[PDB]
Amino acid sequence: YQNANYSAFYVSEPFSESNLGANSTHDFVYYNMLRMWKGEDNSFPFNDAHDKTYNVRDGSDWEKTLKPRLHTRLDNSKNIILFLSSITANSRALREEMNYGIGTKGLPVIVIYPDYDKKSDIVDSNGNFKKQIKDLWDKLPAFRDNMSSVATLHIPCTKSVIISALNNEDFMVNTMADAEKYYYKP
């Protein structure tokens, strides 16, 4: 029960996943990457909170329809998979996913950085997060300002690394590690 992974990312709105080109549009492309890995290999450790339809950006009415949908899907989830990239920009729904999912629920977050493919892109040799990463947090204040309360894992975008993250109990709410920002050491 409540075993899903909740994918959170930016797209310019309104966005429908059924329009031609949806699967080519940043940052939806990275969510679809997870879906395709799972569809191709059932061992991939991803259970999509949005499996029935990705309709959390599609224009629906905030109060009556969209916000309740965000909350319901987050309530079915053990963690958030957040994609942060150079194009992550303002979005009411994405903000609410952070405030409710982290601030209210205390869900841990696996943060995938699709612009980067090396561990050394995330942290410097003293284990400080690089400015290029901190700058992405500033693009989503509701992530930045809630992340202190949960375990977060900050990773480059490579399949084997994503699998390792998703197989780690430390980043699942019922088994969460102590709140800190974690990373794989370069």
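The numbering used is simple: start at 1 and walk along the sequence shown.
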> Per the entry, where is the mean C-alpha temperature factor higher: 144-152 or 130-138?
Replying inline: 130-138
> Which is higher in the entry, the mean Cα B factor of 119-127 or that of 43-51?
Replying inline: 119-127
> Between 19, 25, 164, 12, where does the Cα B-factor run highest in the record?
Replying inline: 19
> According to the PDB entry, is the CA B factor of residue 1 in the bottom, middle or top third of its chain, that is, lowest, middle or highest?
Replying inline: highest
> Among the modelled residues of its chain, does the C-alpha B-factor of residue 99 lie in the lowest, middle or highest third?
Replying inline: lowest
> Which third of the chain holds residue 70 when residues are ordered by C-alpha B factor: lowest, middle or highest?
Replying inline: middle
